[PDB]
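Written below as structure tokens is the structure these notes are about.
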Amino acid sequence: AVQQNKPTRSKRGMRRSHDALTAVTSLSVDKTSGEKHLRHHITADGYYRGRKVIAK
Amino acid sequence: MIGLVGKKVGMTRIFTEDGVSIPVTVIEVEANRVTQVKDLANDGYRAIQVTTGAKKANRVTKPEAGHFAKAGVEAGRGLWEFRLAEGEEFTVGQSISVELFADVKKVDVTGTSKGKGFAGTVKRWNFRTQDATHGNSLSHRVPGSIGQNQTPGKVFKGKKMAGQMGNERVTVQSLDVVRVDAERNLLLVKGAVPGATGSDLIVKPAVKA
Amino acid sequence: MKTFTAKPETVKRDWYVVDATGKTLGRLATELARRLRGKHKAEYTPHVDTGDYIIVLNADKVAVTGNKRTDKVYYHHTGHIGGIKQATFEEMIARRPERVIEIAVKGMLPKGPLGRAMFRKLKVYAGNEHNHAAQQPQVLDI
RNA sequence: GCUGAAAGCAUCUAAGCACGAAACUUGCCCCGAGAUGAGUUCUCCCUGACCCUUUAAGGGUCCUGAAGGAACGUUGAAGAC
RNA sequence: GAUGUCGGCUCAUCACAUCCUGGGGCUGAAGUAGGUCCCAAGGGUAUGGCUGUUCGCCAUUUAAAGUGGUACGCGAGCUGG
RNA sequence: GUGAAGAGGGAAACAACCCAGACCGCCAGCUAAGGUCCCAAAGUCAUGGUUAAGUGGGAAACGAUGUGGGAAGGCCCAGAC
RNA sequence: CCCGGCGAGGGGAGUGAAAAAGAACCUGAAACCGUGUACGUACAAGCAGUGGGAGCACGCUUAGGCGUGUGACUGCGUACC
């Protein structure tokens with residue numbers, strides 16, 4: 001139920017070796033708007049694949 | 001002898017004139033094309049590598065295309081190897097049809113069993129369920145004891161516990177060959193075979209005999 | 001001054017070929033272990049592998065005295081509950097003859113990372129032919 | 001059990017030879033090259049130009065970015081992730 | 001300055017002084033069926049009535065309902081008679 | 001007598017057994033118990049025998065033409081077994 | 001003055017001998033948690049050291065074979081009260 005010995009800082013780091021986050025490989029660029037966005041996601045200005053989806 | 005690669009179409013029944021219903025699994029065995037022949041001199045053993053079906057040309061990788069191109073055959077959905085019993089001769093590009101099973105009368109069917117995911121001991125190992133009442137506390141389907149006291153202060157290897165069940169290679173032996181339809185590339189075998197509909201199956205003549 | 005110590009980057013290792021036909025298993029193994037460790041070299045250093053590469057031919061024809069050919073038993077445990085498996089000397093020779101010499105030498109070598117490295121210099125072959133002619137092994141009448 | 005001396009005989013044993021069980025090794029099914037002893041076979045891809053120096057399995061710039069992989073998306077009789 | 005117990009339940013694992021199945025010698029072994037000893041641990045090896053019981057008696061099965069070790073296996077797995 | 005209050009070497013590991021009593025330093029030598037084929041420092045040492053059982057490296061009453069050595073005895077080319 | 005939400009918190013500027021005295025304010029230790037650099041580390045088993053010891057990095061200083069850091073491999077070695 002509980003530990004018999006205090007795990008080391010080395011053991012703590014070893015467990016956290018798989019906790020590293022992964023950054024997005026790259027961001028797509030809208031063909032017309034030209035702004036960066038997540039692939040398959042609309043841009044911040046409401047564009048997607050150069051179609052100007054609803055932006056209100 | 002060598003076997004063939006087919007697809008599990010499904011299950012149906014065959015009504016005999018004597019009033020007997022035979023449960024049959026329909027296996028679609030298209031022509032198997034020999035992509036490579038391995039011999040003792042070069043590979044150290046005798047076998048034939050075959051392919052079946054069709055694959056999108058756009059999705060065939062260049063390393064795979066070159067392998068098919070050398071044999072001069074169209075790409076299939078995969079590659080499988082069959083050992084040769086010291087009396088079989090095959091040539092690259094040869095097509096093997098379901099007629100090979102014409103006079104076999106009994107086959108061994110291998111496939112990937114349906115995946116049950118993370119299964120408990122009751123389902124996976126047929127463990128007996130404990131009492132549903134009479135004071136039982138949160139221990140209705142739990143495994144129970146998993147070892148002995150200090151003397152073997154450890155759990156033995158191979159202990160039956162919960163874990164992945166199914167989705168593994170399984171062979172069912174000695175299945176009667178109900179029908180061999182060369183025209184429709186169909187093979188009917190009495191009984192059920194591993195895997196879901198549309199999965200690949202490896203059919204070989206029965207080894208037990 | 002300080003006592004000489006061999007450097008692993010400058011130690012010279014030679015290649016030898018030994019015919020095991022008719023040789024007593026144990027008395028052949030001791031010499032192999034001695035030469036694999038480098039005890040026969042004046043530059044011997046306990047923490048350095050100063051031994052020589054040795055090729056053993058005709059391992060299947062090694063000899064054993066007494067009734068050991070049918071009475072010597074090789075035990076090993078697979079790690080499972082049953083686990084315990086055994087094979088006689090004749091069975092080992094028939095199945096994998098090279099393991100007979102390899103097992104004998106391994107026990108006589110030191111235990112640890114270095115001893116494991118020394119064992120890597122031993123090449124045991126069941127037949128009378130080896131494919132190490134490029135190394136120009138020298139016949140060793142051991 | 002056979003043949004057969006030590007022991008003129010006898011003797012399944014000492015030399016030699018033949019049978020003999022759900023045990024043993026195989027045969028059947030599954031995993032399996034992290035088997036660091038890391039194996040084999042087939043196929044596919046890459047055929048630039050310079051600089052520095054403690055000059056070597058060295059470092060750096062420009063050009064180049066293949067096979068393939070991953071990522072993302074639609075998803076599955078695959079799946080806790 | 002704490003190594004929680006009888007029995008039940010769940011899950012077992014080993015030994016062989018073998019209960020069944022397998023191979024044998026002897027028999028006061030005609031056969032069928034037994035007795036005794038040797039080899040053999042691969043697999044298999046009851047459900048119920050009474051009682052907290054283990055055990056035991058009883059009812060009815062089975063090829064057989066083996067004997068022991070494992071903190072009289074197993075309560076950070078259940079139960080609490 | 002030793003441990004207790006005693007290290008070192010040996011007995012695989014092993015306070016009490018065997019050898020032996022650590023003031024400090026040395027990359028010098030000789031020995032004790034115990035050892036000298038490899039792990040692992042030193043004899044694959046020399047000479048003459050024994051064992052075939054891995055005895056050596058676990059054990060009794062008792063059983064047996066195993067095998068070595070020694071001192072006698074009975075019957076024997078009037079022919080022994 | 002600038003970033004920020006007319007924030008929090010910072011970077012400049014300025015005051016001061018000092019702002020690494022900025023009000024969470026003299027000095028600012030240890031546990032504990034980080035960034036950078038050198039070396040070691042993914043076939044190796046245990047009080048983590050000790051004796052031996054290669055390689056690498058760095059410093060030398062009138063090649064001087066030295067110091068410092070690291071520690072592959074190896075003998076011995078089961079904390080303290």
Side-chain angles (χ1 to χ4, degrees), chain B residues 1-38 46-57 60 64 67-113 169-209:
Chain B
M1 63 149 151
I2 68 134
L4 293 176
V5 181
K7 176 151 73 33
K8 183 173 175 176
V9 178
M11 293 192 72
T12 186
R13 47 139 55 105
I14 295 284
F15 279 125
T16 57
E17 178 41 357
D18 64 350
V20 173
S21 158
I22 313 180
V24 304
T25 295
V26 188
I27 305 168
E28 195 212 60
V29 180
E30 310 176 74
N32 281 234
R33 287 104 64 187
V34 182
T35 61
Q36 187 175 1
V37 177
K38 298 189 174 185
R46 298 191 67 255
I48 52 165
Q49 187 200 82
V50 310
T51 193
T52 185
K55 177 174 236 45
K56 288 153 116 64
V60 166
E64 280 158 26
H67 184 74
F68 289 122
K70 177 168 181 181
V73 295
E74 328 83 284
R77 70 176 106 102
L79 295 163
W80 300 264
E81 261 184 47
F82 295 101
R83 303 285 281 267
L84 301 180
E86 192 47 280
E88 286 122 309
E89 295 310 51
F90 292 98
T91 42
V92 187
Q94 210 186 330
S95 277
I96 312 169
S97 100
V98 78
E99 295 254 38
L100 177 129
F101 287 117
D103 313 353
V104 169
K105 282 160 39 114
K106 260 193 190 178
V107 293
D108 286 342
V109 184
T110 303
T112 309
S113 55
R169 187 196 179 90
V170 176
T171 298
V172 181
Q173 295 183 310
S174 308
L175 299 177
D176 295 326
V177 172
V178 172
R179 189 184 295 165
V180 187
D181 190 353
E183 283 71 8
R184 305 218 275 286
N185 301 319
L186 293 176
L187 177 69
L188 311 192
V189 303
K190 170 172 171 178
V193 308
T197 299
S199 71
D200 290 322
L201 295 175
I202 301 165
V203 185
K204 304 197 281 235
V207 71
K208 291 286 184 66

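Here is the naming used below: chain letters follow the sequence lines, and residue numbers restart at 1 for every chain.
The nearest pair of heavy atoms linking B:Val203 to B:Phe101 is O-CZ, 3.2 Å. In terms of heavy-atom proximity, B:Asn32 sits nearest to B:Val5 at OD1-N, 3.1 Å. The shortest heavy-atom contact between B:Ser199 and B:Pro194 is OG-O, 4.4 Å. B:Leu79 and B:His67 get closest at one heavy-atom pair: CD1-CD2, 4.1 Å. When all heavy atoms of B:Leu186 and B:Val98 are compared, the closest pair comes out as O-CG2, 4.1 Å. Residues B:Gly76 and B:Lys55 approach most closely at O-CB, 3.4 Å, considering heavy atoms.
Interatomic distance, B:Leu4 CG to B:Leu100 CG, rounded to the nearest 0.5 Å: 5.5 Å. Residue B:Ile96 holds its CD1 atom at 8.0 Å from CZ of B:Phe82, rounded to the nearest 0.5 Å.
Judged by distance alone, the side chain of B:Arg33 and the main-chain N or O of B:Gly53 form a donor-acceptor pair under 3.5 Å. Checked by atom type and distance alone, the side chain of B:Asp108 pairs as donor or acceptor with a backbone atom of B:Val207 at under 3.5 Å. Panel note: side chain B:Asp181, backbone B:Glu183; a donor-acceptor pair is recorded below 3.5 Å. A donor-acceptor pair under 3.5 Å is absent between the side-chain atoms of B:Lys208 and the main chain of B:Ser174, judged by distance alone. Counting only distance, with no hydrogens or angles, the side chain of B:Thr51 and the backbone of B:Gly78 share a donor-acceptor pair below 3.5 Å.
The closest side-chain heavy-atom distance from B:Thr25 to B:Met11 is below 4.5 Å. Side chains of B:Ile48 and B:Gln94 form no contact here, defined as non-hydrogen atoms less than 4.5 Å apart. Between B:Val92 and B:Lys70, every side-chain heavy-atom pair lies at or beyond the 4.5 Å cut-off.
Enclosure of atom NZ in B:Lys7 by more than 12 non-hydrogen atoms of other residues, nucleotides or ligands within 6.0 angstrom is indicated. Other residues, nucleotides and ligands contribute only 12 or fewer heavy atoms inside 6.0 Å of the CZ atom of B:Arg179.
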Q: Test B:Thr35 against B:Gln49 for side chain to side chain donor-acceptor pair (under 3.5 Å), laying out the working first.
A: CA-CA 6 Å; B:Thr35 61; B:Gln49 187 200 82; 2.5 Å; yes
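For the pairing with B:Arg46, the salt bridge (charged side-chain N to carboxylate O under 4.0 Å, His left out) check across B:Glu88, B:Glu89, B:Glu81 returns one residue only, B:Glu89.
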